[PDB]
2 protein chains.
Amino acid sequence: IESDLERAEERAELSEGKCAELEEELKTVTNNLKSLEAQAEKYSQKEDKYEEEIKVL
Amino acid sequence: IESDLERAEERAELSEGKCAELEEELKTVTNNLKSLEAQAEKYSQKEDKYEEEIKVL
């Protein structure tokens, strides 16, 4: 039973490590998505401004 | 020892489930990020053309 307990412990440790890595990856990619969405909104506004400038000039 | 082993194995199962869910989230967010990268590239091309026309005018 002691050997069985050791095996269970090591499996749990590996699973937790993988979970932590996945958490970090998701955090990074979600931050990237947020930044890109803000940039896209600003770009739409800039595009409208540029079209207005084209018309007036 | 037997009780501790049972609890450890249950913990490992829970961690594995969490890892699977995290994998799903990561893949979904990755796809969304790629789509928005393409959108931003289109934004960049539009801005380039508008800038050129502004210069000409």
# chains A, B, ... in the order shown; residues from 1 in each chain; ligands from 1
>>> residues_around(residues="residue A:2", least_positions_apart="3", cutoff="9 Å", atoms="only C-alpha atoms", output="number ranges by chain")
A: 5-7; B: 1-2, 5
>>> calpha_fit_and_write(fixed="chain A", moving="chain B", output="CSV table (one decimal) with N, CA and C atoms, in the first residue's frame")
chain,number,residue,atom,x,y,z
B,1,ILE,N,-0.9,-2.8,-3.4
B,1,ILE,CA,-1.8,-1.6,-3.2
B,1,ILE,C,-0.9,-0.4,-2.9
B,2,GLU,N,0.1,-0.6,-2.0
B,2,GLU,CA,0.9,0.5,-1.6
B,2,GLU,C,1.7,1.1,-2.7
B,3,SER,N,2.3,0.2,-3.6
B,3,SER,CA,3.0,0.7,-4.7
B,3,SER,C,2.1,1.5,-5.7
B,4,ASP,N,0.9,1.0,-5.9
B,4,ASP,CA,-0.1,1.7,-6.8
B,4,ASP,C,-0.4,3.1,-6.2
B,5,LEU,N,-0.6,3.1,-4.9
B,5,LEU,CA,-1.0,4.4,-4.2
B,5,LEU,C,0.2,5.4,-4.4
B,6,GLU,N,1.4,5.0,-4.2
B,6,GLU,CA,2.5,5.9,-4.4
B,6,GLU,C,2.6,6.4,-5.8
B,7,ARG,N,2.4,5.6,-6.8
B,7,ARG,CA,2.5,6.0,-8.2
B,7,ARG,C,1.3,7.0,-8.5
B,8,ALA,N,0.1,6.7,-8.0
B,8,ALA,CA,-1.0,7.6,-8.2
B,8,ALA,C,-0.7,9.0,-7.6
B,9,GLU,N,-0.2,9.1,-6.4
B,9,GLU,CA,0.1,10.4,-5.8
B,9,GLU,C,1.2,11.1,-6.6
B,10,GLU,N,2.2,10.4,-7.1
B,10,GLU,CA,3.2,11.1,-7.9
B,10,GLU,C,2.5,11.7,-9.2
B,11,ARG,N,1.7,10.9,-9.8
B,11,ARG,CA,0.9,11.4,-11.0
B,11,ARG,C,0.2,12.7,-10.7
B,12,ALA,N,-0.5,12.7,-9.5
B,12,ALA,CA,-1.3,13.9,-9.1
B,12,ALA,C,-0.4,15.1,-9.0
B,13,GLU,N,0.8,14.9,-8.3
B,13,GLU,CA,1.7,16.0,-8.2
B,13,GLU,C,2.1,16.6,-9.5
B,14,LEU,N,2.5,15.7,-10.5
B,14,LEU,CA,2.9,16.1,-11.8
B,14,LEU,C,1.7,16.9,-12.5
B,15,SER,N,0.5,16.4,-12.4
B,15,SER,CA,-0.6,17.1,-13.0
B,15,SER,C,-0.8,18.5,-12.4
B,16,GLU,N,-0.6,18.6,-11.1
B,16,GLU,CA,-0.8,19.9,-10.4
B,16,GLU,C,0.3,20.9,-11.0
B,17,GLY,N,1.5,20.4,-11.1
B,17,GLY,CA,2.5,21.3,-11.7
B,17,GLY,C,2.2,21.8,-13.1
B,18,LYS,N,1.7,20.9,-13.9
B,18,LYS,CA,1.3,21.2,-15.3
B,18,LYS,C,0.1,22.3,-15.2
B,19,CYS,N,-0.8,22.1,-14.3
B,19,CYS,CA,-1.9,23.0,-14.2
B,19,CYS,C,-1.4,24.4,-13.8
B,20,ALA,N,-0.5,24.5,-12.9
B,20,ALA,CA,0.1,25.8,-12.6
B,20,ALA,C,0.7,26.5,-13.8
B,21,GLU,N,1.5,25.7,-14.5
B,21,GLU,CA,2.1,26.3,-15.7
B,21,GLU,C,1.1,26.8,-16.7
B,22,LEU,N,0.0,26.0,-16.9
B,22,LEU,CA,-1.0,26.4,-17.8
B,22,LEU,C,-1.7,27.7,-17.4
B,23,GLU,N,-1.9,27.8,-16.1
B,23,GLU,CA,-2.5,29.1,-15.6
B,23,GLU,C,-1.6,30.3,-16.0
B,24,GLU,N,-0.3,30.1,-15.8
B,24,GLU,CA,0.6,31.2,-16.1
B,24,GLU,C,0.4,31.6,-17.6
B,25,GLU,N,0.5,30.6,-18.5
B,25,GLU,CA,0.4,30.8,-19.9
B,25,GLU,C,-0.9,31.5,-20.2
B,26,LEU,N,-2.1,31.1,-19.6
B,26,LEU,CA,-3.4,31.6,-19.9
B,26,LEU,C,-3.4,33.1,-19.6
B,27,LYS,N,-2.9,33.5,-18.4
B,27,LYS,CA,-2.9,34.9,-18.0
B,27,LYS,C,-2.1,35.7,-18.9
B,28,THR,N,-0.9,35.3,-19.3
B,28,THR,CA,0.0,36.0,-20.2
B,28,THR,C,-0.7,36.3,-21.5
B,29,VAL,N,-1.3,35.2,-22.1
B,29,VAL,CA,-1.9,35.4,-23.4
B,29,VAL,C,-3.1,36.3,-23.3
B,30,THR,N,-3.9,36.2,-22.2
B,30,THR,CA,-5.0,37.1,-22.1
B,30,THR,C,-4.6,38.6,-22.1
B,31,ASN,N,-3.5,38.9,-21.4
B,31,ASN,CA,-3.0,40.3,-21.4
B,31,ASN,C,-2.6,40.7,-22.8
B,32,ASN,N,-1.9,39.8,-23.5
B,32,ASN,CA,-1.5,40.2,-24.9
B,32,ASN,C,-2.7,40.4,-25.8
B,33,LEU,N,-3.8,39.6,-25.6
B,33,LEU,CA,-5.0,39.7,-26.4
B,33,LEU,C,-5.7,41.1,-26.2
B,34,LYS,N,-5.7,41.5,-24.9
B,34,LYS,CA,-6.3,42.8,-24.6
B,34,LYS,C,-5.6,43.9,-25.2
B,35,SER,N,-4.2,43.8,-25.1
B,35,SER,CA,-3.4,44.9,-25.8
B,35,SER,C,-3.7,45.0,-27.3
B,36,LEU,N,-3.7,43.8,-27.9
B,36,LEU,CA,-4.0,43.9,-29.4
B,36,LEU,C,-5.4,44.3,-29.7
B,37,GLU,N,-6.4,44.0,-28.8
B,37,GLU,CA,-7.7,44.6,-29.0
B,37,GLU,C,-7.8,46.1,-29.0
B,38,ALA,N,-7.0,46.7,-28.1
B,38,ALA,CA,-6.9,48.1,-28.0
B,38,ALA,C,-6.3,48.7,-29.3
B,39,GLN,N,-5.2,48.0,-29.8
B,39,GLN,CA,-4.5,48.4,-31.0
B,39,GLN,C,-5.5,48.4,-32.2
B,40,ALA,N,-6.3,47.3,-32.3
B,40,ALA,CA,-7.2,47.2,-33.4
B,40,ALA,C,-8.3,48.3,-33.3
B,41,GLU,N,-8.7,48.7,-32.1
B,41,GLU,CA,-9.7,49.8,-32.0
B,41,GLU,C,-9.1,51.1,-32.5
B,42,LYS,N,-7.8,51.3,-32.2
B,42,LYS,CA,-7.2,52.5,-32.8
B,42,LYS,C,-7.1,52.4,-34.3
B,43,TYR,N,-6.8,51.2,-34.8
B,43,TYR,CA,-6.8,51.0,-36.3
B,43,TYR,C,-8.2,51.4,-36.8
B,44,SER,N,-9.3,51.0,-36.2
B,44,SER,CA,-10.6,51.3,-36.7
B,44,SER,C,-10.9,52.8,-36.7
B,45,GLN,N,-10.5,53.5,-35.6
B,45,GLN,CA,-10.7,54.9,-35.6
B,45,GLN,C,-9.9,55.6,-36.8
B,46,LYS,N,-8.7,55.2,-37.0
B,46,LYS,CA,-7.9,55.8,-38.1
B,46,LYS,C,-8.6,55.5,-39.4
B,47,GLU,N,-9.1,54.3,-39.6
B,47,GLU,CA,-9.8,54.0,-40.9
B,47,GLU,C,-11.0,54.9,-41.0
B,48,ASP,N,-11.8,55.1,-40.0
B,48,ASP,CA,-13.0,55.9,-40.0
B,48,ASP,C,-12.6,57.4,-40.5
B,49,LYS,N,-11.6,57.9,-39.9
B,49,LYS,CA,-11.2,59.3,-40.3
B,49,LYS,C,-10.8,59.4,-41.7
B,50,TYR,N,-10.0,58.4,-42.1
B,50,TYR,CA,-9.5,58.4,-43.5
B,50,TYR,C,-10.6,58.3,-44.5
B,51,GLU,N,-11.6,57.4,-44.2
B,51,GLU,CA,-12.8,57.3,-45.1
B,51,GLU,C,-13.5,58.6,-45.2
B,52,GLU,N,-13.7,59.3,-44.1
B,52,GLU,CA,-14.5,60.5,-44.1
B,52,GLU,C,-13.7,61.5,-45.0
B,53,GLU,N,-12.4,61.6,-44.8
B,53,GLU,CA,-11.6,62.6,-45.6
B,53,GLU,C,-11.7,62.2,-47.1
B,54,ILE,N,-11.6,60.9,-47.4
B,54,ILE,CA,-11.7,60.5,-48.8
B,54,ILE,C,-13.0,60.9,-49.4
B,55,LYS,N,-14.1,60.8,-48.7
B,55,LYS,CA,-15.4,61.2,-49.2
B,55,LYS,C,-15.5,62.7,-49.5
B,56,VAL,N,-14.9,63.5,-48.5
B,56,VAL,CA,-14.9,64.9,-48.7
B,56,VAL,C,-14.1,65.3,-50.0
B,57,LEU,N,-12.9,64.7,-50.1
B,57,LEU,CA,-12.1,65.0,-51.3
B,57,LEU,C,-12.8,64.6,-52.6
